[PDB]
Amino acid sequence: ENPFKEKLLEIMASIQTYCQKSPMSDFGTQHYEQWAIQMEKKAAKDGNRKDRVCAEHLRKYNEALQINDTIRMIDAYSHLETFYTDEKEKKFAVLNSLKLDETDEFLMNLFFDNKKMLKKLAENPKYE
């Protein structure tokens, strides 16, 4: 049971807890991607920022699991690192809380608290 994949699954479960969602779709599937898209879409339509941003982030983790299955661990890690590095750049690069609310801080801290561990696992030839 690959520890890298297990860590990603645990993180998605933690995000689902935060936004109180519990879809029947399995993590890392196309059907999960579709659930997240609908939820993101309904959230934007209903002005629910927490749900919308959580759906967006869950999509990225779901895509990383799909990338892990079809390519390599390191492409999966990079998919997330790039997204979170960019989100960080978006948030703090230009300054006119600002764009950082409790949802944003929860999600970014969730990734960056696990970032070092994830990279260690993804760099390990044994689980590839």
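One-based numbering along the sequence shown.
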Missing from the model but present in the deposited sequence, between residue 96 and residue 97:
4 to 9
Using only the Cα atoms and their B-factors as the entry lists them, report which of 53-61 and 97-105 averages higher.
97-105
Given the B-factors recorded for C-alpha atoms, which segment has the greater mean, 6-14 or 106-114?
106-114
Between 81, 33, 89, 26, where does the Cα B-factor run highest in the record?
89
Quick check on the deposited entry: does the C-alpha B-factor of residue 73 sit in the lowest, middle or highest third of its chain?
middle
